[PDB]
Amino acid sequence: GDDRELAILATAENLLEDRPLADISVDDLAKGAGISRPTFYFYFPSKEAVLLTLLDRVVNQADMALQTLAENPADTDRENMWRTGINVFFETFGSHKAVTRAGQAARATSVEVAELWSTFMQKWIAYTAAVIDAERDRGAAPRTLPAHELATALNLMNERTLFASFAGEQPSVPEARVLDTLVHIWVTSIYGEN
């Protein structure tokens, strides 16, 4: 039943590892899932819809992992607290590089993909700001920039910097250095008086 849909998804993720969505065909996806072309069209209207579904899965996985941290606080210093959160996104997206690449590209051409990315970014920024606010409220973080504005910039930084690193863009921070790089910038900017 659904194992056909899952097979399509798995085929798409696999094929995106070695070439872009544009060089992958509905036939390739059907062939890989062991189904005919019209059978494919029963499960998805377009290969673009397959990518959207893949991206939605990756985004919700990151989001659910963050929810679990949010409910299950690690007993440890503030630097470690931020590192563990940023790590959700490093591990989640980092474990799904092809979907991440492809989904980034699709923001330009798909309003669904753009809106999906926008929705979750608002969620993550809002949660970031709520934590900064918690920290300010307990006297651990100084009342410097508007928390929501600082949160936005830090989240956008992580988006661009993680994705450049995963892709090995020139320039990019080495993948093995990017977590520490981001954590330093978050901690200094959140706790820094100057």
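Start at 1 and count along the sequence shown; that's the residue number.
Colleague: Name the higher of the two by mean Cα B-factor in the PDB entry, 9-17 versus 171-179.
Modeller: Per the PDB entry, the higher value belongs to 9-17.
Colleague: Look up the CA B-factors in the entry and say which stretch, 93-101 or 72-80, has the higher mean.
Modeller: Per the deposited B-factors, the answer is 72-80.
Colleague: When the CA B-factors of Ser165, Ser46, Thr144, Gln61 are compared as recorded in the entry, which is the largest?
Modeller: Within the set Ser165, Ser46, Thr144, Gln61, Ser46 shows the top C-alpha B-factor.
Colleague: Return the residue from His148, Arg138, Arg57, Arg160 that has the highest Cα B-factor in the entry.
Modeller: Max CA B-factor in the entry, restricted to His148, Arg138, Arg57, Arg160: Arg138.
Colleague: Name the third of the chain's ranked CA B-factors that contains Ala129, choosing lowest, middle or highest.
Modeller: It belongs to the lowest third of the chain when residues are ordered by C-alpha B-factor.
Colleague: Taking the chain's C-alpha temperature factors as the reference, tell me which third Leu66 falls into: lowest, middle or highest.
Modeller: According to the entry, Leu66 has a C-alpha B-factor in the chain's middle third.
Colleague: C-alpha B factor of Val26, ranked within the chain: lowest, middle or highest third?
Modeller: For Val26, the deposited C-alpha B-factor lands in the highest third.
Colleague: Can you tell me which third, lowest, middle or highest, the CA B-factor of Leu116 falls into for its chain?
Modeller: Middle third of the chain for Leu116's C-alpha B-factor.
Colleague: Compare the C-alpha B factor of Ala33 with those of the other modelled residues in its chain, then answer lowest, middle or highest third.
Modeller: Within its chain, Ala33 is a highest-third residue by C-alpha B-factor, going by the deposited values.
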